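Structure first, commentary second.
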Amino acid sequence: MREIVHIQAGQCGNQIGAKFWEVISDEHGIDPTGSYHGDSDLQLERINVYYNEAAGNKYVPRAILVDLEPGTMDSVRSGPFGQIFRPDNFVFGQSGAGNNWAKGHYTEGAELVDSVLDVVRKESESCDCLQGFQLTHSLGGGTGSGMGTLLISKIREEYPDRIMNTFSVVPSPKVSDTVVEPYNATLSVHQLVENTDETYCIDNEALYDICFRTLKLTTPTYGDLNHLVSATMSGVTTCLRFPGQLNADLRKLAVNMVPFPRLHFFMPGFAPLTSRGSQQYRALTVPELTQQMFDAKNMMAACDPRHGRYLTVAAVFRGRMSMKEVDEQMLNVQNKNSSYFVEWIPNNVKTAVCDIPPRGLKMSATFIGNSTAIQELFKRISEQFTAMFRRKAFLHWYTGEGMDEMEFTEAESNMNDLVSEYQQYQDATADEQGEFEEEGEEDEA
Amino acid sequence: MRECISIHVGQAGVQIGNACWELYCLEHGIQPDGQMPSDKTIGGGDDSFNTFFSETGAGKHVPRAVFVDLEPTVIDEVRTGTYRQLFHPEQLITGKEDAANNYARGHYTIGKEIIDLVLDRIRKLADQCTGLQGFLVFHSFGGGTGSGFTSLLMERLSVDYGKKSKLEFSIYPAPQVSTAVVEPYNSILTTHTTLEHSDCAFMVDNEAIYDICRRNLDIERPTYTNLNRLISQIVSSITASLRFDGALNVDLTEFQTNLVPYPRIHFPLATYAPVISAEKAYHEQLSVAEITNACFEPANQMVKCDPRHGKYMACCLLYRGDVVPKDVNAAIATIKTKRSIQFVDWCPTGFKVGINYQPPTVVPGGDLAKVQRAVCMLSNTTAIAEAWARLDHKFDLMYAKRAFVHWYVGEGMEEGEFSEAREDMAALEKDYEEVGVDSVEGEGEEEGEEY
Ligand SMILES: Nc1nc2c(ncn2[C@@H]2O[C@H](COP(=O)(O)OP(=O)(O)OP(=O)(O)O)[C@@H](O)[C@H]2O)c(=O)[nH]1
Ligand SMILES: Nc1nc2c(ncn2[C@@H]2O[C@H](COP(=O)(O)OP(=O)(O)O)[C@@H](O)[C@H]2O)c(=O)[nH]1
Ligand SMILES: [Mg+2]
């Protein structure tokens, strides 16, 4: 019934979706061709939230594949589960973005996008009840930032009441993937900040940390990271996909998660993340899970959340557990770690609980956090946009694509207005003073 | 003869609904498809299961019920579970998309999609009742649909069924536990509607009911499933005299003064006794004195506020099973002696009493105390003031920063409408205070009456 549309933009976004669709397919026990013989009726009864039933007992995912190149698509079509996709949903260029937002958003994608919107329309009309529009992409490169903006723009116009969500990869604090990554990460956000209800800030440097430090991986690779990432995307939807003691969809989470209409840029995180070398020496309990939810180091984003305060948090637990054990553990952290939280949002927590655990675990917990500390991204990228823009580096690549530097100036100005709004709500008091003025007139009569 | 109706709105409502209809089909020996496999009737007798079950067909009986959330999945589980055949499928309404913990969706933009459907099904339900007494309603009061739609339903019954008993049972938000962020706003937006319409409102609390379950009942890590099966013992007990014969009964038209000391204050607390494990009831035996004294203990109330911080105003005690009035009347005397209980000066005749013959029906596997003789207690106290005084401050904290206001505005409420609710909440604060005195003077208590 309540049916999400997925998009997968550029090389990065495509490969997160390519992992996503092995991973949720496995959770629903789906056969690599789009068949089924799996062990549970419950698994199949609900799948529709991410699938369509093709004739003679067959299953297709509500996925759109999006790229300005012939590259990465050819590998999804040869990989594990490459067969489930409707061949029609590959609508593709012969040009690339060139690491350039404006080539995505005002040239090569601008020439292609109406051919992709035509698949978005057809999947949105083939929905029962259209729920949302999720995107895997990046913000520091050219294609998923640039084409994905242009899609979001055109779809956010068409479907104003549906949720509009972005599982974004974002540039890391210390070493870079592409040199123009701060321009890309400003110009895409200069569209997304008033065209999304939800967006994520995924720091692959923290995934590389969590892959060595917690998960204890010897050679850690995209193979790993896109699992860790896609766990979080199937994990946030578990309270819509499946029954539990607290069902909760993405918008029911978002109303609790976003206080003011630009504070929607979230810190992700999962528990447990104990290695295969450590399983036998750790227990799998709500205390142990809630410990690793709020451990700084486990944070799949740019910073320790104690460079800020939590405006809001949401916990989406999975598997059979005492709601009382959960509620007590979420009450302990609010009262032992109260300095981590914004004080005029009285209690910062939304809780949800699915009966169904992920594969190979006793229980887990998906976590969405909103801390004012996410300015550690935006202080960097606005500065790093400025540092190159201030000497006018790389600029003719983008103004070759129908840009003027007034749009660059306007956008780094918007990012200052954003990081200043995020600071405006940082460290603000739960008390607001009265006056010392005096009533009537003052005599000893 | 006569009928109650049963309404579950939003996911807590619904979930509690699998719990209370399970208990009602134990307590009457109804199997999961509506058959009464040990029926004995002469036909056309009493036989009061007909107050809660409509007889269908050959001897299918059918719960006098309706259910909704605007999310499918929660009503789909009733449609699929142990009792799927118990329900008539047109009871089980759903929406396209949850009310998203915004009251505004439940009362305007999503709720309008299901309301006159919802009411048409009830018209059909009440058209079949012989002497409808009223409506008893579980709802997610702090939720999306449990907040917005229950209160839209209340307003939309009250124009047609204004003479029926309109009774409801929330889940209330809790002094340190928190399941959602906007829980307080919806709590006020719904209190601000259903104060004009409801004839009583029975507040109960998860953070409270856990502690009783880990203390008394001695349940190590309670579930929401455990909880809904405990919460089920309040409505069970206040229906015992609509379901079995007794030495003293009530009807729905009784609780709406005997729990309502003055109309704005329609907000009692409740509990049920003894609430102990097997190992404890094996070990040690309780009497109807002890079990009346336990209902007045702070640690034993299904809401977190200490009765001592306030004062009592109105009380209903509902005895089930092997007990006699000569003991029961002296056990209330007890509660009349210990000045650790204080009632208000306006209420020297503060006890109302009922006595049903049927013992509580022992649960499956015998997982509860084997006590033939259990008691429900329900009371209106001034101590609830200290549970509202947190909630109305939690509004004042968020609304100063307009935090989350934009989703309410998003679905079509105006800042005028959250401000009007908040000023009746500072008025509710004033109505808890009009009894904060000894005074008799004629606008709070009458100068020409004597108690
Ligand atoms: N005791 C108890 N409380 C519950 C249960 N389910 C939910 N709650 C409480 O009720 C609140 C609201 O639950 P929701 O799932 O949001 O109810 P809803 O009315 O369906 O809200 P929408 O889904 O937004 O329409 C939760 O935050 C809990 O405090 C339950 O089965 N038992
Ligand atoms: N997590 C993740 N990051 C990736 C992946 N592939 C590339 N990236 C990052 O995402 C960005 C590139 O996004 P993309 O839209 O493909 O850009 P383009 O190649 O410049 O058009 C860079 O910051 C890359 O480091 C991957 O598979 N997973
Ligand atoms: Mg709901």
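Residues are named by chain letter and number: chains run A, B, ... in the order of the structure tokens, numbers start at 1 in each chain, and ligands are numbered from 1 in the order shown.
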To check your reading of the model: which residues sit at most 8 Å from ligand 1 when counting only C-alpha atoms and all ligand atoms? Write the answer as number ranges by chain.
A: 245-248, 252, 350-351; B: 9-16, 69-71, 98-103, 106, 139-147, 171-173, 178-180, 183, 205-206, 224-225, 227-228, 231
With a distance cut-off of 6 Å and only C-alpha atoms, select the neighbouring residues of stretch 246-256 of chain B, excluding the residue or stretch itself and same-chain residues fewer than 6 positions from it, and output the selection as a PyMOL selection string.
chain B and resi 199-200+354-357
Keeping only N, CA, C and O atoms, write those residues as a short mmCIF file (atom, residue, chain, number, x, y, z; two decimals), in the first residue's frame.
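What follows is the written file again-v4.cif:
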```cif
data_model
loop_
_atom_site.label_atom_id
_atom_site.label_comp_id
_atom_site.auth_asym_id
_atom_site.auth_seq_id
_atom_site.Cartn_x
_atom_site.Cartn_y
_atom_site.Cartn_z
N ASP B 199 -17.87 12.56 28.55
CA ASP B 199 -18.49 12.50 29.86
C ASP B 199 -17.62 11.97 30.98
O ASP B 199 -17.89 12.15 32.16
N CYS B 200 -16.51 11.29 30.64
CA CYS B 200 -15.37 11.01 31.50
C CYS B 200 -14.13 10.61 30.71
O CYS B 200 -14.33 10.06 29.63
N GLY B 354 -19.70 -0.69 44.27
CA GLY B 354 -20.42 -1.72 43.56
C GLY B 354 -19.80 -3.09 43.76
O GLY B 354 -18.58 -3.14 43.97
N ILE B 355 -20.53 -4.20 43.76
CA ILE B 355 -20.30 -5.57 44.21
C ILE B 355 -20.91 -6.58 43.25
O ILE B 355 -22.10 -6.87 43.33
N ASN B 356 -20.13 -7.13 42.31
CA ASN B 356 -20.50 -8.17 41.37
C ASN B 356 -20.01 -9.53 41.85
O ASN B 356 -18.91 -9.61 42.39
N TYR B 357 -20.87 -10.51 41.55
CA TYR B 357 -20.70 -11.89 41.93
C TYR B 357 -19.61 -12.63 41.16
O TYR B 357 -19.01 -13.54 41.74
#
```
Select all residues from chain B having any atom no more than 7 Å from an atom of chain A (counting only C-alpha atoms, ignoring ligands), output as an NGL selection string.
:B and (73 or 96-97 or 100-101 or 176-182 or 210 or 221-224 or 394 or 397-398 or 403-404 or 407)
Taking only C-alpha atoms into account, which of B:346, B:33, B:385, B:238 comes nearest residue B:447?
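For residue B:447, the nearest of the given residues is B:346.
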DSSP on the backbone: what in stretch 197-355 of chain B comes out helix (DSSP H, G or I), as a PyMOL selection string?
chain B and resi 206-215+224-238+240-242+252-258+278-283+288-296+298-300+307-309+325-335
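The coordinates place atom CA of residue B:43 at 11.2 Å from atom CA of residue B:59.
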Go through chain A and flag each residue having an atom no more than 9 Å from ligand 2; for those, report the closest pair of atoms plus their distance in Å to one decimal, using only C-alpha atoms and all ligand atoms, ordered by chain and rising number, as CSV.
```
residue,atom,partner,partner_atom_place_in_ligand_line,distance
A:9,CA,ligand 2,15 (O),6.3
A:10,CA,ligand 2,15 (O),4.2
A:11,CA,ligand 2,16 (O),3.6
A:12,CA,ligand 2,6 (N),3.6
A:13,CA,ligand 2,15 (O),6.2
A:14,CA,ligand 2,27 (O),7.7
A:15,CA,ligand 2,27 (O),4.8
A:16,CA,ligand 2,27 (O),5.8
A:19,CA,ligand 2,27 (O),8.9
A:67,CA,ligand 2,21 (O),8.5
A:68,CA,ligand 2,21 (O),8.3
A:96,CA,ligand 2,21 (O),6.9
A:97,CA,ligand 2,21 (O),5.2
A:98,CA,ligand 2,21 (O),6.0
A:99,CA,ligand 2,20 (O),3.5
A:100,CA,ligand 2,20 (O),6.7
A:101,CA,ligand 2,21 (O),8.3
A:104,CA,ligand 2,21 (O),8.4
A:137,CA,ligand 2,15 (O),5.7
A:138,CA,ligand 2,13 (O),4.4
A:139,CA,ligand 2,13 (O),6.6
A:140,CA,ligand 2,23 (O),4.7
A:141,CA,ligand 2,20 (O),3.4
A:142,CA,ligand 2,21 (O),3.8
A:143,CA,ligand 2,21 (O),3.5
A:144,CA,ligand 2,15 (O),3.5
A:145,CA,ligand 2,15 (O),5.8
A:146,CA,ligand 2,15 (O),7.8
A:147,CA,ligand 2,15 (O),8.6
A:148,CA,ligand 2,15 (O),8.6
A:168,CA,ligand 2,10 (O),8.6
A:169,CA,ligand 2,10 (O),5.9
A:170,CA,ligand 2,23 (O),6.3
A:171,CA,ligand 2,23 (O),5.7
A:172,CA,ligand 2,23 (O),8.1
A:176,CA,ligand 2,23 (O),7.5
A:177,CA,ligand 2,25 (O),4.6
A:178,CA,ligand 2,23 (O),6.6
A:181,CA,ligand 2,23 (O),7.1
A:184,CA,ligand 2,20 (O),8.9
A:202,CA,ligand 2,1 (N),7.6
A:203,CA,ligand 2,1 (N),8.0
A:204,CA,ligand 2,1 (N),5.8
A:207,CA,ligand 2,1 (N),8.3
A:221,CA,ligand 2,27 (O),8.9
A:222,CA,ligand 2,27 (O),5.3
A:223,CA,ligand 2,27 (O),7.9
A:225,CA,ligand 2,1 (N),6.1
A:226,CA,ligand 2,28 (N),5.9
A:229,CA,ligand 2,1 (N),7.3
```
As number ranges by chain, which residues of stretch 278-426 of chain B does DSSP assign to strand (DSSP E or B)?
B: 312-320, 343, 351-356, 375-381
Convert the current residue selection to file output with N, CA and C atoms, as a PDB file, in the first residue's frame.
```pdb
ATOM      1  N   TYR B 312      -8.169  13.758  47.507  1.00  0.00           N
ATOM      2  CA  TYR B 312      -9.238  13.101  46.784  1.00  0.00           C
ATOM      3  C   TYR B 312     -10.593  13.801  46.746  1.00  0.00           C
ATOM      4  N   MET B 313     -11.342  13.549  45.671  1.00  0.00           N
ATOM      5  CA  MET B 313     -12.576  14.246  45.403  1.00  0.00           C
ATOM      6  C   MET B 313     -13.781  13.348  45.134  1.00  0.00           C
ATOM      7  N   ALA B 314     -13.555  12.216  44.461  1.00  0.00           N
ATOM      8  CA  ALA B 314     -14.554  11.255  44.037  1.00  0.00           C
ATOM      9  C   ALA B 314     -13.917   9.885  43.855  1.00  0.00           C
ATOM     10  N   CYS B 315     -14.551   8.816  44.322  1.00  0.00           N
ATOM     11  CA  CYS B 315     -14.052   7.459  44.276  1.00  0.00           C
ATOM     12  C   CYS B 315     -15.136   6.457  43.930  1.00  0.00           C
ATOM     13  N   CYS B 316     -14.801   5.467  43.098  1.00  0.00           N
ATOM     14  CA  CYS B 316     -15.578   4.307  42.732  1.00  0.00           C
ATOM     15  C   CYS B 316     -14.681   3.121  43.056  1.00  0.00           C
ATOM     16  N   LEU B 317     -15.243   2.188  43.829  1.00  0.00           N
ATOM     17  CA  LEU B 317     -14.672   0.899  44.142  1.00  0.00           C
ATOM     18  C   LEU B 317     -15.524  -0.237  43.583  1.00  0.00           C
ATOM     19  N   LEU B 318     -15.010  -1.218  42.838  1.00  0.00           N
ATOM     20  CA  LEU B 318     -15.725  -2.238  42.087  1.00  0.00           C
ATOM     21  C   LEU B 318     -15.102  -3.549  42.533  1.00  0.00           C
ATOM     22  N   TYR B 319     -15.893  -4.173  43.413  1.00  0.00           N
ATOM     23  CA  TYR B 319     -15.578  -5.497  43.931  1.00  0.00           C
ATOM     24  C   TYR B 319     -16.087  -6.611  43.019  1.00  0.00           C
ATOM     25  N   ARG B 320     -15.181  -7.530  42.713  1.00  0.00           N
ATOM     26  CA  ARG B 320     -15.519  -8.761  42.014  1.00  0.00           C
ATOM     27  C   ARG B 320     -15.297  -9.933  42.957  1.00  0.00           C
ATOM     28  N   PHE B 343      -9.133  13.461  51.583  1.00  0.00           N
ATOM     29  CA  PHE B 343     -10.114  13.938  50.630  1.00  0.00           C
ATOM     30  C   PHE B 343     -10.271  15.444  50.730  1.00  0.00           C
ATOM     31  N   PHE B 351     -16.951   8.083  48.690  1.00  0.00           N
ATOM     32  CA  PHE B 351     -17.035   6.703  48.250  1.00  0.00           C
ATOM     33  C   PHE B 351     -18.294   6.284  47.512  1.00  0.00           C
ATOM     34  N   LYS B 352     -18.118   5.799  46.279  1.00  0.00           N
ATOM     35  CA  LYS B 352     -19.164   5.012  45.671  1.00  0.00           C
ATOM     36  C   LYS B 352     -18.766   3.557  45.506  1.00  0.00           C
ATOM     37  N   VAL B 353     -19.653   2.575  45.690  1.00  0.00           N
ATOM     38  CA  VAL B 353     -19.368   1.173  45.896  1.00  0.00           C
ATOM     39  C   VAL B 353     -20.216   0.321  44.968  1.00  0.00           C
ATOM     40  N   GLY B 354     -19.701  -0.687  44.267  1.00  0.00           N
ATOM     41  CA  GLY B 354     -20.415  -1.725  43.560  1.00  0.00           C
ATOM     42  C   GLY B 354     -19.797  -3.094  43.760  1.00  0.00           C
ATOM     43  N   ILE B 355     -20.535  -4.203  43.758  1.00  0.00           N
ATOM     44  CA  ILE B 355     -20.300  -5.567  44.206  1.00  0.00           C
ATOM     45  C   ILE B 355     -20.911  -6.581  43.251  1.00  0.00           C
ATOM     46  N   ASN B 356     -20.134  -7.127  42.311  1.00  0.00           N
ATOM     47  CA  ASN B 356     -20.501  -8.175  41.373  1.00  0.00           C
ATOM     48  C   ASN B 356     -20.010  -9.530  41.845  1.00  0.00           C
ATOM     49  N   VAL B 375     -10.305  -6.432  43.215  1.00  0.00           N
ATOM     50  CA  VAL B 375     -10.918  -5.127  43.274  1.00  0.00           C
ATOM     51  C   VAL B 375     -10.328  -4.076  42.334  1.00  0.00           C
ATOM     52  N   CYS B 376     -11.181  -3.302  41.657  1.00  0.00           N
ATOM     53  CA  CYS B 376     -10.812  -2.097  40.931  1.00  0.00           C
ATOM     54  C   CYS B 376     -11.185  -0.870  41.756  1.00  0.00           C
ATOM     55  N   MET B 377     -10.311   0.127  41.684  1.00  0.00           N
ATOM     56  CA  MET B 377     -10.498   1.390  42.360  1.00  0.00           C
ATOM     57  C   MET B 377     -10.250   2.438  41.282  1.00  0.00           C
ATOM     58  N   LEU B 378     -11.016   3.534  41.238  1.00  0.00           N
ATOM     59  CA  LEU B 378     -10.929   4.643  40.305  1.00  0.00           C
ATOM     60  C   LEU B 378     -11.276   5.893  41.103  1.00  0.00           C
ATOM     61  N   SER B 379     -10.420   6.916  41.014  1.00  0.00           N
ATOM     62  CA  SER B 379     -10.549   8.162  41.739  1.00  0.00           C
ATOM     63  C   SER B 379     -10.226   9.496  41.074  1.00  0.00           C
ATOM     64  N   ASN B 380     -11.001  10.558  41.308  1.00  0.00           N
ATOM     65  CA  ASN B 380     -10.645  11.892  40.866  1.00  0.00           C
ATOM     66  C   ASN B 380      -9.862  12.591  41.972  1.00  0.00           C
ATOM     67  N   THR B 381      -8.616  13.019  41.798  1.00  0.00           N
ATOM     68  CA  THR B 381      -7.773  13.690  42.769  1.00  0.00           C
ATOM     69  C   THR B 381      -7.205  14.949  42.130  1.00  0.00           C
TER      70      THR B 381
END
```
Selection: 8 Å around residue A:195, only C-alpha atoms, excl. self and same-chain fewer than 5 positions, as number ranges by chain
A: 152-153, 156, 164
Please determine, counting only C-alpha atoms, which residue among A:5, A:422, A:21, A:318 has the shortest atom-to-atom distance to residue A:162.
A:5
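Of note, atom CA of residue B:83 and atom CA of residue B:61 are spaced 12.6 Å apart.
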Using only C-alpha atoms and all ligand atoms for the distances, tell me which of B:130, B:94, B:191, B:236 is nearest to ligand 3.
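Among the listed residues, the smallest separation from ligand 3 belongs to B:94.
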Env of residue A:385: 12 Å cut, atoms = only C-alpha atoms, seq-sep filter 3 positions within chain, self excluded. Answer as a PyMOL selection string.
chain A and resi 140+179-187+378-382+388-395+408-409+411-413+415-416
